[PDB]
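Chains as they are written, first to last, in our numbering: chain A, 1 to 212; chain B, 1001 to 1219. By construction, the Cβ of each residue, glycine as well, lies at the ideal position given by its N, Cα and C atoms. First up is the structure itself, then whatever we jot down about it.
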Amino acid sequence: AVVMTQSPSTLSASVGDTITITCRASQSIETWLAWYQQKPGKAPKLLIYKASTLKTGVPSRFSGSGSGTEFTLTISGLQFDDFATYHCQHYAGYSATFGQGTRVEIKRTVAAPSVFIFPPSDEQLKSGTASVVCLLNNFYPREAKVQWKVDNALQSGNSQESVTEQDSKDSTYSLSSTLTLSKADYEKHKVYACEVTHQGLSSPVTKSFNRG
Amino acid sequence: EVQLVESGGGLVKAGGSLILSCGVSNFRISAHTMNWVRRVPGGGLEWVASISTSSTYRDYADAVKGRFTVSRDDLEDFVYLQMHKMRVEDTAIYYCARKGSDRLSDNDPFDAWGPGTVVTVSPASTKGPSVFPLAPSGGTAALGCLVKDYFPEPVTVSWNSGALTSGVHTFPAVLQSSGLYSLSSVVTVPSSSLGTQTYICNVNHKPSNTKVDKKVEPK
Ligand SMILES: C[C@H](O)[C@H]1O[C@H](O[C@@H]2[C@@H](O[C@@H]3[C@@H](O[C@@H]4[C@H](O)[C@@H](O)O[C@H](CO)[C@H]4O)O[C@H](CO)[C@@H](O)[C@@H]3O)O[C@H](CO)[C@@H](O)[C@@H]2O)[C@@H](O)[C@@H](O)[C@@H]1O
């Protein structure tokens, strides 16, 4: 019944900065806490255990502290390699509970996306399928909402989206959502719209097209 | 009364992997030599694997040897079958059985069987990515390449053989409800440079040995 609460869920920081990630236990867990680094796709890598014991090979810039309920991960002088997710973990004999995770990313200013809608290619249409694509280009922060509105009717369970990593130079994100319909379904409707909701937008942007 | 239940069957590509589990009722696995048998479409039965009492000895059919692994969980009464580097000929109904009698002997028949789980090995190991253009329309615009119904992880894309790098965004692949992947690759270019400049994506699918190039033009 031990509940682990990490804070913040997302930490925006610049290179060279000294940042702290807070982890909270619902009840006393003494020092049975472990910090892990996890980069997209790759498996979690153990950094600290016994709340402060730094594993062999882990840089000196990493720091562990705390006991009972309050725990702290400290990265002094941020390196590009340090930019990833951090998971705090209460490790018991035959059980464990993790934190929600902390995504440590590069801070930059709020940037509204450039939205582009792509109708399905005639080539694909002939093959019995229709893939309608929406692009959200170079936006900040990562949190963005996409809604598909076929003839004003909102869609659900036909769309699939994927997001790129933070840009090397500009520090923004890109999202691409693909609405997938049969040739038959696609030809029953006229107006295909993509409504985008984001922090850098005064109101949601709706990019649209008609069949021909 | 004695029952056995196999779980984990389904469809797999050639070269793939799939694990089958066997669960039981009204007896403990502990003292029984557990076995797996398959019914090939041809009609006959092929003895697959055998696991001796407390995993002492493990025997396999010649074809399945070095690809399959038999395992036992005596404490929770479970039998496992690991199937790797899977061949089309491995397509069969898989039954888990026990060597048994009223008094256990040194050589008993398969007195109890499970109902059977269906395992189907598809001929095609890799799929061909179908490439589609994401055709354009304030001084700047975007175009792209939709890499579809293909497989399997991973596909690489480059634009103008590698010449165009600035503005390029190649998105994480998305697993579609079919079992096939789909990804998009886009690039932002000025609206002016449309008619003049030529744009081509370079799709590289190393598993299937596929290399596709498609030009993105408006209308
Ligand atoms: C052997 C079939 O696979 C068999 O297995 C299950 O029953 C077990 C089996 O165990 C065998 C037995 O040892 C032999 C034998 O009794 C005798 O000739 O003496 C020797 C040792 O003193 C030995 O070679 O027990 C050993 C270890 O316990 C195992 O190596 C061997 O698997 O036989 C007895 C009954 O004879 C059972 O108590 C065992 O549980 C059942 O699946 C059975 O039905 C199968 O026919």
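Starting from the Cα of residue i, find the closest Cα among the options and give me that residue.
{"i": "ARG142(A)", "options": "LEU78(A), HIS90(A) and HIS198(A)", "result": "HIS198(A)"}
{"i": "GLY16(A)", "options": "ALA184(A), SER156(A), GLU30(A) and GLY77(A)", "result": "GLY77(A)"}
{"i": "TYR36(A)", "options": "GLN27(A), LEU47(A) and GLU30(A)", "result": "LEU47(A)"}
{"i": "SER95(A)", "options": "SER203(A), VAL191(A) and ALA1(A)", "result": "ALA1(A)"}
{"i": "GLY41(A)", "options": "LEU181(A), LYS207(A), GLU165(A) and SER182(A)", "result": "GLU165(A)"}
{"i": "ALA84(A)", "options": "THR31(A), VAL191(A) and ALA13(A)", "result": "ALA13(A)"}
{"i": "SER177(A)", "options": "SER1177(B), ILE1029(B), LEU1183(B) and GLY1179(B)", "result": "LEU1183(B)"}
{"i": "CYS88(A)", "options": "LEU201(A), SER9(A) and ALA184(A)", "result": "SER9(A)"}
{"i": "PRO1123(B)", "options": "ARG1087(B), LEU1081(B), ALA1135(B) and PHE1110(B)", "result": "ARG1087(B)"}
{"i": "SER1052(B)", "options": "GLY1044(B), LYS1065(B), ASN1035(B) and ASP1062(B)", "result": "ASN1035(B)"}
{"i": "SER1161(B)", "options": "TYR1199(B), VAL1186(B) and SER1192(B)", "result": "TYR1199(B)"}
{"i": "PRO113(A)", "options": "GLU123(A), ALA144(A), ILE19(A) and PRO119(A)", "result": "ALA144(A)"}
{"i": "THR1210(B)", "options": "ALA1173(B), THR1156(B), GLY1167(B) and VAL1168(B)", "result": "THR1156(B)"}
{"i": "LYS39(A)", "options": "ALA51(A), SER67(A), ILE19(A) and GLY101(A)", "result": "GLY101(A)"}
{"i": "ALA1097(B)", "options": "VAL1002(B), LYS1214(B), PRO1218(B) and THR1165(B)", "result": "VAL1002(B)"}
{"i": "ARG1103(B)", "options": "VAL1118(B), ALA1163(B), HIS1032(B) and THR1165(B)", "result": "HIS1032(B)"}
{"i": "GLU1153(B)", "options": "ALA1163(B), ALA1135(B) and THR1126(B)", "result": "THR1126(B)"}
{"i": "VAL1079(B)", "options": "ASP1108(B), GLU1217(B), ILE1093(B) and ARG1028(B)", "result": "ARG1028(B)"}
{"i": "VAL1131(B)", "options": "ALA1049(B), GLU1006(B), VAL1203(B) and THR1196(B)", "result": "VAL1203(B)"}
{"i": "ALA1049(B)", "options": "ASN1107(B), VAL1037(B) and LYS1148(B)", "result": "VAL1037(B)"}
{"i": "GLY1139(B)", "options": "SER1185(B), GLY1128(B), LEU1194(B) and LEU1045(B)", "result": "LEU1194(B)"}
{"i": "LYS1215(B)", "options": "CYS1201(B), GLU1006(B), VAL1012(B) and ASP1108(B)", "result": "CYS1201(B)"}
{"i": "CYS1022(B)", "options": "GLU1089(B), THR1196(B), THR1170(B) and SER1071(B)", "result": "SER1071(B)"}
{"i": "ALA1063(B)", "options": "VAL1186(B), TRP1047(B) and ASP1074(B)", "result": "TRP1047(B)"}
{"i": "residue 976(B)", "options": "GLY1144(B), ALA1173(B), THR1188(B) and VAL1118(B)", "result": "Only positions 1001 to 1219 of chain B appear in the structure, and residue 976(B) is not among them; the question remains open."}
{"i": "residue 234(A)", "options": "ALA130(A), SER168(A) and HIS189(A)", "result": "Because chain A is modelled from 1 through 212, residue 234(A) falls outside the range shown and cannot be assessed."}
Considering residue i, what are the terminal residues of the beta strand (DSSP E) in which it resides?
{"i": "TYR36(A)", "result": "33-38"}
{"i": "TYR1150(B)", "result": "1140-1150"}
{"i": "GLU70(A)", "result": "70-76"}
{"i": "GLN1197(B)", "result": "From DSSP, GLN1197(B) is part of no beta strand (DSSP E); its letter is neither H nor E."}
{"i": "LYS45(A)", "result": "45-49"}
{"i": "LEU201(A)", "result": "That residue, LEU201(A), is in no beta strand (DSSP E); it is neither H nor E in DSSP."}
{"i": "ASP1108(B)", "result": "Unbroken run through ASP1108(B): none, as it is neither H nor E."}
{"i": "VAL1168(B)", "result": "1168-1170"}
{"i": "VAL1187(B)", "result": "1181-1190"}
{"i": "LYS1215(B)", "result": "1210-1215"}
{"i": "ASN210(A)", "result": "205-210"}
{"i": "residue 215(A)", "result": "Chain A is shown only over 1 to 212; residue 215(A) falls outside these bounds and no answer can be derived."}
{"i": "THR10(A)", "result": "10-13"}
{"i": "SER1161(B)", "result": "Counting along the chain, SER1161(B) falls outside any beta strand (DSSP E), and DSSP gives it neither H nor E."}
{"i": "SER1122(B)", "result": "1117-1122"}
Starting from residue i, trace the alpha helix (DSSP H) in both directions and tell me its first and last residue.
{"i": "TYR186(A)", "result": "183-186"}
{"i": "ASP122(A)", "result": "122-126"}
DSSP beta-bridge partners for residue i?
{"i": "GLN89(A)", "result": "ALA34(A) and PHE98(A)"}
{"i": "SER1007(B)", "result": "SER1021(B)"}
{"i": "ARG24(A)", "result": "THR5(A) and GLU70(A)"}
{"i": "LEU179(A)", "result": "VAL132(A) and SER159(A)"}
{"i": "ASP1102(B)", "result": "None; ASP1102(B) has no bridge partner."}
{"i": "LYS1127(B)", "result": "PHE1151(B)"}
{"i": "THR1156(B)", "result": "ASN1204(B)"}
{"i": "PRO1133(B)", "result": "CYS1145(B)"}
{"i": "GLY64(A)", "result": "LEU73(A)"}
{"i": "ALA1173(B)", "result": "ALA1173(B) pairs with nothing; no bridge assigned."}
{"i": "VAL191(A)", "result": "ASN210(A)"}
{"i": "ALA1097(B)", "result": "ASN1035(B) and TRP1113(B)"}
{"i": "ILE19(A)", "result": "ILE75(A)"}
{"i": "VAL196(A)", "result": "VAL146(A) and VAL205(A)"}
Quick check: is any heavy atom of ligand 2 less than 8 Å from the C-beta of residue i?
{"i": "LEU1104(B)", "result": "This structure does not include ligand 2; its bound ligands are ligand 1."}
Counting only runs of 4+ residues fully inside the segment 1011-1094 of chain B, write out the alpha helix (DSSP H) ranges in chain order. none
Where the segment 70-103 of chain A meets chain B: residues whose CB sits under 7 Å from a CB there: none
Of the residues that make up the segment 1171-1197 of chain B, which ones have a beta carbon closer than 8 Å to any beta carbon in chain A? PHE1171, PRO1172, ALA1173, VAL1174, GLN1176, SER1182, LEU1183, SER1184, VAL1186 and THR1188
What are the residues in the segment 117-148 of chain A lying within 7 Å of chain B by C-beta distance? Per Cβ criterion, the list reads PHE118, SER121, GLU123, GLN124, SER131, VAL133, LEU135 and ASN137.
When you check each C-beta in the segment 1114-1135 of chain B against every C-beta of chain A, which residues fall closer than 8 Å? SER1130, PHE1132, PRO1133, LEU1134 and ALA1135
Ranges of the alpha helix (DSSP H) found wholly within the segment 97-172 of chain A, counting only runs of at least 4: 122-126
Residues in the segment 1142-1153 of chain B having any Cβ partner in chain A nearer than 9 Å: Listed in sequence order: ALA1142, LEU1143, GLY1144, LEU1146, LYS1148 and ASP1149.
Which residues, taken in chain order from the segment 164-175 of chain A, show a beta carbon closer than 7 Å to some beta carbon of chain B? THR164 and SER174
Report the residues of the segment 1029-1050 of chain B with a CB closer than 7 Å to any CB of chain A, ordered along the chain. Along the segment 1029-1050 of chain B, there is no position whose C-beta sits under 7 Å from a C-beta of chain A.
What are the residues in the segment 1079-1104 of chain B lying within 9 Å of chain A by C-beta distance? none
At a CB distance below 7 Å, what residues from the segment 1155-1171 of chain B approach chain A? Give them in sequence order. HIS1169 and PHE1171
Anything in the segment 7-39 of chain A with a Cβ closer than 9 Å to a Cβ of chain B? List those residues in chain order, please. Those residues of the segment 7-39 of chain A placed with their C-beta closer than 9 Å to a C-beta in chain B do not exist.
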